[PDB]
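Engineer: Protein chains in written order, with my numbering: chain A, 10 to 109; chain B, 80 to 173; chain C, 565 to 803; chain D, 3 to 53; chain E, 548 to 795; chain F, 548 to 795; chain G, 203 to 404. For each residue, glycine too, the CB sits at the ideal point set by N, CA and C. Can you read through this structure? Questions will come right after.
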Amino acid sequence: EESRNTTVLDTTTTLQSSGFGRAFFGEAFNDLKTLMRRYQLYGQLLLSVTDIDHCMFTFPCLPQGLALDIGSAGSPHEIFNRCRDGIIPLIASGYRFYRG
Amino acid sequence: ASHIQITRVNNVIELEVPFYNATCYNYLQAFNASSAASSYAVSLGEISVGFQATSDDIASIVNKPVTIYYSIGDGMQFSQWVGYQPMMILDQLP
Amino acid sequence: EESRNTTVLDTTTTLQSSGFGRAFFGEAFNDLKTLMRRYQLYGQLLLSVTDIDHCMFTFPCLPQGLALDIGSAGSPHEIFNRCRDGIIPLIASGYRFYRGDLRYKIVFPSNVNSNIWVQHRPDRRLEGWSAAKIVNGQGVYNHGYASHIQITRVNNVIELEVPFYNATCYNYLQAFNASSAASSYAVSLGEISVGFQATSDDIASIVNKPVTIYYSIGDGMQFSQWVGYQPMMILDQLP
Amino acid sequence: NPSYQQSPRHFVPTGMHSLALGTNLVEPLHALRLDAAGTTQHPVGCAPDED
Amino acid sequence: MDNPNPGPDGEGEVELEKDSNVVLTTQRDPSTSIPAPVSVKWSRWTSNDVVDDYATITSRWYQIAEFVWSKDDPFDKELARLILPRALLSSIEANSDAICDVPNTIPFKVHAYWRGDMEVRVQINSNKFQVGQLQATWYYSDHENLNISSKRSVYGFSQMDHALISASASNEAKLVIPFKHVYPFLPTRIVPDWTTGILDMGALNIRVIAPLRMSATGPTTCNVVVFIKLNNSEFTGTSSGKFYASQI
Amino acid sequence: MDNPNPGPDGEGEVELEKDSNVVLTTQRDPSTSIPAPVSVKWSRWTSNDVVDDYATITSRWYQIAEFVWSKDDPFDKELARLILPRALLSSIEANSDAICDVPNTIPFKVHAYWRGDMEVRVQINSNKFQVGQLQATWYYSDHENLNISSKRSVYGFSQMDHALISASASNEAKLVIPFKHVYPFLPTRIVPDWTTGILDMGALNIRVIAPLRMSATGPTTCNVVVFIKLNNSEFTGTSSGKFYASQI
Amino acid sequence: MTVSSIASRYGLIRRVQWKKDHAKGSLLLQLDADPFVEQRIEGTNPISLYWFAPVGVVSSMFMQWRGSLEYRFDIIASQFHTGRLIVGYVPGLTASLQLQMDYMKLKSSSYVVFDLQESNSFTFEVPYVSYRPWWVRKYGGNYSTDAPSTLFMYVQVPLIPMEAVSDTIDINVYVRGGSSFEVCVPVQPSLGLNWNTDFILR
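If you want it as structure tokens, here you go:
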């Protein structure tokens with residue numbers, strides 16, 4: 010089994026539990042669901058208009074994070090080239106289903 | 080389901096995309112289009128943003144950035160635990 | 565002992581206590597903490613734009629007052645040349661530690677229209693009093709940090725609330741010489757970066773417009789250790 | 003985060019509060035006092051005889 | 548009322564301060580000055596290794612600086628900018644031997660992280676005819692400031708609370724210095740996130756308020772002694788003594 | 548009854564002996580042998596200086612001797628005549644550094660007179676196919692005897708009580724050694740009435756009862772480890788560490 | 203979805219090839235006592251991907267972490283292999299003091315001797331001993347604080363196998379956030395996904 014624990018050879022005494030930053034910052038970080046609702050950059054575009062009701066851009070809506078568009082070799086989207094993928098697909102990489 | 084935001088008042092539309100799928104829950108990792116109907120199991124839908132400018136005004140709109148944000152909002156329940164893939168450390172990027 | 569008092573040779577009778585201006589003005593001034601929350605000028609810049617997510621200017625966020633930028637010999641910032649440092653570092657010169665929040669209320673110019681993002685970065689340390697000022701993977705937008713967009717078209721001022729995200733008891737408050745390597749995490753509340761989202765054809769309209777930043781402490785600041793005042797300079801003797 | 007999805011209010015900005023009105027009217031101000039509930043007070047020696 | 552009867556025992560009554568096995572006496576009453584309240588122990592929040600104070604050895608007194616103080620020292624003259632968790636060790640190295648040779652500081656050699664409060668008694672042995680006054684002042688984290696060189700004068704340290712050592716009455720200065728710092732433990736050796744400026748709580752500095760003044764036949768010198776107790780201490784991070792570098 | 552179910556965790560149950568911050572584990576049960584009852588503290592009769600045990604540092608375990616034990620060692624072969632209050636320090640000097648560098652023995656550097664009881668756990672790591680048996684025996688004050696060289700054999704140490712370390716079952720040997728000596732305190736340094744033979748309670752010596760026997764392809768060596776706790780200790784006579792001479 | 207639920211899962215992050223001919227002073231691993239435990243993949247990409255423990259990934263979204271770590275050593279041994287190995291722990295080691303190490307300087311600090319005889323699995327619960335209550339992330343954005351403390355694992359008594367079994371024994375080293383592990387400030391992640399490993403140098 011994965012999280013089985015046979016022979017604990019602890020040396021530690023009792024560490025004071027801050028309650029995930031409650032006792033210092035006045036706020037909790039135990040639940041990752043309420044961190045998930047901090048807004049994250051999803052995708053960024055540059056309009057290249059090539060009627061009134063023509064859809065200017067479409068995107069599938071998904072919490073997985075999009076297929077990441079760095080850009081061409083000349084003008085990379087400097088966050089998506091440098092700072093990869095952010096938080097929400099870094100957590101969604103740790104799961105398999107979602108419903109919400 | 081539609082919504083118009085007026086750009087003249089405030090140029091940001093806040094949305095709420097519900098869970099309209101005929102599933103128990105949807106897929107979450109990268110998706111290779113394995114089965115033909117499994118393709119209905121990824122997105123919540125397909126949002127399309129469209130301006131209502133004519134052709135003489137649309138050239139002022141060319142090459143302006145449109146940034147899109149997201150967050151899950153009170154209903155998301157990631158169900159099955161699956162371990163993390165290989166990662167890349169960002170401060171080793173040249 | 566400092567405040568000991570051996571032989572009081574008082575001549576006075578009882579003076580009527582007005583309650584620190586209560587009995588005249590209908591308001592108190594005993595507590596200096598509620599005077600600390602009157603907004604004070606923090607720093608002022610002129611945009612010299614030399615991508616959409618490039619941070620236009622960064623500044624470490626700290627209640628100590630920045631390293632004061634008078635300016636060059638030709639164009640001094642006339643308040644920072646003339647009227648030195650204001651109130652909040654004049655009180656923070658009288659202490660040594662602080663533990664609390666800050667508020668900012670950044671005032672943008674009007675002629676700009678593009679939407680503005682503001683990041684709070686508690687990662688970034690302060691590396692000494694030199695370059696502890698407004699500076700025009702740090703250089704771009706970042707995902708995970710606390711963020712806020714203000715739309716310039718609706719109202720060109722973003723009011724903030726920078727919390728106390730440090731792994732300390734409390735932080736340093738005087739001028740800081742970067743003594744220890746990890747003591748550098750003990751000065752700022754973080755490192756705020758303001759970035760426009762204008763393209764290159766619009767960004768030239770934004771060059772050399774003033775962006776003034778204010779600050780105030782906001783209900784949580786608790787300056788702890790008393791430390792006496794440094795030498796001061798009297799302002800009406802300035803030529 | 004419950005999403006508040008009721009349709010909110012629907013009204014009219016104007017530029018300036020009323021000028022002629024001056025009796026039965028709490029008038030909002032951007033004060034330049036330091037206290038928010040602060041009111042100018044008259045000491046016992048500053049008694050206004052002439053209403 | 549003021550009824551003198553001196554004798555072979557002298558007139559005055561001796562007071563004490565007994566500790567583990569070091570008893571030091573003062574004829575005069577201390578001018579105590581306490582800059583901050585007594586601190587909470589902080590061993591719960593950041594230590595799983597075995598935290599054990601050593602009140603039988605660490606709470607002993609230890610002389611860390613004596614110095615001659617002449618009348619020819621000027622008005623605002625530094626006498627000792629003692630950095631107290633550093634000068635305790637660097638005075639032992641000033642005796643040209645290791646830190647292990649002294650019973651008061653052997654947990655600094657073994658354990659890695661120190662916390663605790665420090666007592667300071669600056670005794671003076673001035674003659675009763677000598678006229679001069681010092682001040683002992685504690686300043687938290689001296690080396691973290693850069694304008695402190697413009698502050699380091701009697702006009703600045705008389706605003707914070709401080710003790711006064713009058714050479715007239717041969718006054719003695721107790722100084723209760725609790726632990727206040729940014730981080731709740733001071734490290735005693737080379738340490739993964741800072742190496743420069745090690746074990747540095749602040750600065751006991753003793754400026755002169757008014758120098759010795761005396762007649763032409765007067766006793767010129769005036770020896771001054773500094774003692775330090777380490778009373779409510781604690782240590783954590785048991786480590787090898789071969790990592791302990793010598794202090795600067 | 549004898550129901551095996553081995554797995555990823557193995558079959559057996561692990562026992563422990565947790566101390567201050569050193570936890571050592573044994574799969575096998577100890578063969579404890581206690582030569583004498585637990586002693587009275589004796590700090591009342593001969594000490595006015597501050598006596599303070601250090602249970603946070605002195606009661607830790609410390610490895611003092613590992614050694615290869617081959618099958619080519621003969622029948623009655625000495626393996627380690629460890630003198631326990633000496634070999635604790637002289638093994639630290641065998642690591643070619645001072646006594647101050649180790650957290651277990653810094654009160655020996657500062658304080659002058661040691662008393663206390665000593666635990667010994669001699670672990671062995673023999674293969675299960677190896678056949679041989681050692682004995683761990685404690686003898687009080689070895690160097691005070693002269694005929695002990697004629698006694699130092701398994702036929703003599705099997706009469707006093709002792710532990711047995713069978714290489715068959717990889718047996719482990721707990722050994723509770725209380726302080727018994729002529730004088731109720733052992734001195735840890737050069738001392739006014741004796742200098743020769745310092746800090747010498749006796750001799751843990753581990754003779755061989757029957758050597759390793761194995762096939763021609765067998766694992767020849769067998770590493771042996773010795774640990775020492777200093778549990779009910781105390782120290783007196785605070786002194787300077789510059790008087791502590793190096794052990795022989 | 204909970205940091206005490208994600209961080210409470212083991213991840214295989216290190217694997218020691220422990221042979222017979224190691225002496226009594228041999229080093230097997232000196233990995234840092236942080237959630238950010240490194241394991242390199244042998245790839246030919248210009249960016250070598252790294253595995254991480256789940257506690258390392260879930261702490262890589264947070265600026266500060268604190269608490270105990272629990273490392274499970276699943277030694278893979280038969281009942282006839284006998285060994286004995288110190289899993290030690292030194293609080294406060296820098297870059298220069300990372301070397302000079304042996305088991306003898308280790309036995310000063312907190313250390314745990316394990317008797318591999320019959321059971322072959324244990325879990326050293328790493329102490330969190332730092333001057334700072336929390337502790338800043340190791341890697342950070344593209345911008346590098348080392349660990350508060352370092353684990354070590356030496357071979358106290360060398361491996362003595364029987365003649366009918368193997369010479370070498372492999373040790374799995376799993377890392378889990380302990381019962382007291384907790385993280386606080388959400389910042390930019392230091393880790394990115396491998397869904398799009400294309401990186402364009404400008």
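Mind checking which residues open and close the beta strand (DSSP E) that includes residue 781/F?
Structural biologist: Run containing residue 781/F: 781 to 785, per the beta strand (DSSP E) assignment.
Engineer: Going by DSSP, what residue range makes up the beta strand (DSSP E) through residue 93/B?
Structural biologist: Here residue 93/B belongs to no beta strand (DSSP E), and DSSP marks it neither H nor E.
Engineer: For residue 215/G and residue 267/G, which I take to be in contact (beta-carbon distance under 8 Å), what is that distance rounded to the nearest angstrom?
Structural biologist: With a Cβ gap of about 16 Å, residue 215/G and residue 267/G do not count as contacting.
Engineer: Can you tell which of 63/A, 74/A, 19/A and 13/A has the C-alpha that lies nearest to the C-alpha of residue 210/G?
Structural biologist: It is 13/A.
Engineer: Could you say if the stretch 609 to 629 of chain F and the stretch 745 to 758 of chain F meet the contact criterion of at least three C-beta pairs nearer than 8 Å?
Structural biologist: Taking 8 Å as the limit for Cβ pairs, the verdict is that the stretch 745 to 758 of chain F does touch the stretch 609 to 629 of chain F.
Engineer: List the whole-angstrom C-beta distance separating residue 492/E from residue 565/C, where the pair is believed to meet the contact cut-off of C-beta under 8 Å.
Structural biologist: Missing from the structure shown is residue 492/E; chain E here goes from 548 to 795 and no further.
Engineer: Just checking: is the beta-carbon of residue 654/E within a distance shorter than 9 Å of some beta-carbon in chain G?
Structural biologist: Answer no: the Cβ-Cβ gap between residue 654/E and chain G never drops below 9 Å.
Engineer: Going along chain G, which residues have a C-beta under 9 Å from residue 46/A?
Structural biologist: The premise fails here: residue 46/A is roughly 11 Å from chain G at the closest Cβ pair, so nothing lies under 9 Å.
Engineer: Going along the chain, which residues of its own chain have a beta-carbon closer than 6 Å to the beta-carbon of residue 37/A, five neighbours each way excluded?
Structural biologist: Excluding positions up to five away in sequence, the list reads 29 and 31.
Engineer: For residue 70/A, write down the residues that DSSP places opposite it in a beta bridge.
Structural biologist: Residue 70/A pairs with 124/B.
Engineer: Are the CB atoms of residue 262/G and residue 334/G nearer to each other than 9 Å?
Structural biologist: Result no, Cβ atoms of residue 262/G and residue 334/G do not sit closer than 9 Å.
Engineer: On the CB-based measure, 16 or more other CB atoms within 10 Å of its CB, does residue 6/D come out buried or exposed?
Structural biologist: Looking at its Cβ environment, which holds fewer than 16 other Cβ atoms inside 10 Å, residue 6/D is exposed.
Engineer: Excluding five sequence neighbours on each side, which residues of the same chain lie with their C-beta closer than 8 Å to the C-beta of residue 98/B?
Structural biologist: Once the five neighbours on either side are set aside, the close Cβ partners of residue 98/B are 123 and 154.
Engineer: Please list the terminal residues of the continuous beta strand (DSSP E) segment that includes residue 23/D.
Structural biologist: Taken as a continuous stretch (DSSP letters only), residue 23/D belongs to no beta strand (DSSP E), as it is neither H nor E.
Engineer: Can you pull out the residues from the stretch 349 to 362 of chain G whose beta carbon lies closer than 9 Å to at least one beta carbon of chain F?
Structural biologist: Residues passing the 9 Å Cβ filter: 358, 359, 360, 361 and 362.
Engineer: Using a Cβ cut-off of 9 Å, pull out every chain B residue sitting near residue 341/G, in sequence order please.
Structural biologist: Per Cβ cutoff of 9 Å: 168, 169, 170 and 171.
Engineer: Where in the stretch 682 to 731 of chain E do unbroken runs of the alpha helix (DSSP H), each at least 4 residues long, occur, reported from the N-terminal end onward?
Structural biologist: Runs of the alpha helix (DSSP H) inside the stretch 682 to 731 of chain E: 695 to 698 and 701 to 704.
Engineer: Inspect the CB distances between the stretch 643 to 663 of chain E and the stretch 772 to 782 of chain E and report whether three or more fall short of 8 Å.
Structural biologist: These segments touch.
Engineer: Could you tell me the distance, in whole angstroms, from the CA atom of residue 734/C to the CA atom of residue 52/A?
Structural biologist: C-alpha separation (whole angstroms): 39 Å.
Engineer: Taking Cβ positions only, does residue 95/B come closer than 9 Å to chain A?
Structural biologist: No, its Cβ sits nowhere closer than 9 Å to a Cβ of chain A.
Engineer: I think residue 723/C touches residue 669/C, with their Cβ atoms under 8 Å apart; what is that distance to the nearest whole Å?
Structural biologist: Contact holds; Cβ gap of about 5 Å.
Engineer: Quick one: which unbroken beta strand (DSSP E) runs of 3-plus residues sit fully inside the stretch 732 to 760 of chain E? Chain order, please.
Structural biologist: Segments of the beta strand (DSSP E) lying fully in the stretch 732 to 760 of chain E: 749 to 760.
Engineer: Against chain G, does residue 557/E count as a neighbour if the rule is that its beta carbon must be under 9 Å from one of theirs?
Structural biologist: Answer no: the Cβ-Cβ gap between residue 557/E and chain G never drops below 9 Å.
Engineer: Among the residues of its own chain, which have a CB less than 7 Å from the CB of residue 766/C, if the five just before and after it don't count?
Structural biologist: Cβ within range, chain order: 678.
Engineer: Could you tell me the boundaries of the alpha helix (DSSP H) in which residue 655/F lies?
Structural biologist: Unbroken alpha helix (DSSP H) run through residue 655/F: 653 to 657.
Engineer: Are residue 795/F and residue 609/F close, meaning C-beta to C-beta below 9 Å?
Structural biologist: Contact: no.
Engineer: Helix, strand or coil: how does DSSP classify residue 613/E here?
Structural biologist: Residue 613/E: strand per DSSP, three-state reduction.
Engineer: May I ask you to list the residues that DSSP assigns as paired with residue 222/G?
Structural biologist: Answer is none; residue 222/G lacks a bridge partner.
Engineer: Nearest to residue 689/C by alpha carbon, out of 705/E, 603/E, 740/E and 562/E?
Structural biologist: Comparing Cα-Cα distances from residue 689/C to each of 705/E, 603/E, 740/E and 562/E, the minimum goes to 740/E.
Engineer: List the residues of chain E whose Cβ lies closer than 7 Å to the Cβ of residue 307/G, in chain order.
Structural biologist: Result: 787 and 789.
Engineer: What residue does the alpha helix (DSSP H) around residue 257/G start on, and which one ends it?
Structural biologist: First-last of the alpha helix (DSSP H) with residue 257/G: 256 to 261.
Engineer: With a cut-off of 8 Å on the beta carbons, I'd call residue 737/F and residue 655/F a contact; round off their distance for me.
Structural biologist: About 13 Å separates the two Cβ atoms, so there is no contact after all.
Engineer: Have a look at residue 116/B and residue 401/G and give me their C-alpha separation to the nearest angstrom.
Structural biologist: Using only the alpha carbons, I get a separation of about 33 Å.
Engineer: Considering only the alpha carbon of each residue, which of 550/E, 733/E and 773/E lies closest to residue 594/E?
Structural biologist: Comparing Cα positions, the closest option is 733/E.
Engineer: Between residue 711/F and residue 701/F, what straight-line distance do the alpha-carbon atoms span, to the nearest angstrom?
Structural biologist: Taking the straight line from one Cα to the other gives about 11 Å.
Engineer: If residue 282/G sits next to residue 572/F, beta carbons under 8 Å apart, how far is it from one beta carbon to the other, in whole angstroms?
Structural biologist: Their Cβ separation, rounded to whole angstroms, is 19 Å, which puts residue 282/G and residue 572/F out of contact at 8 Å.
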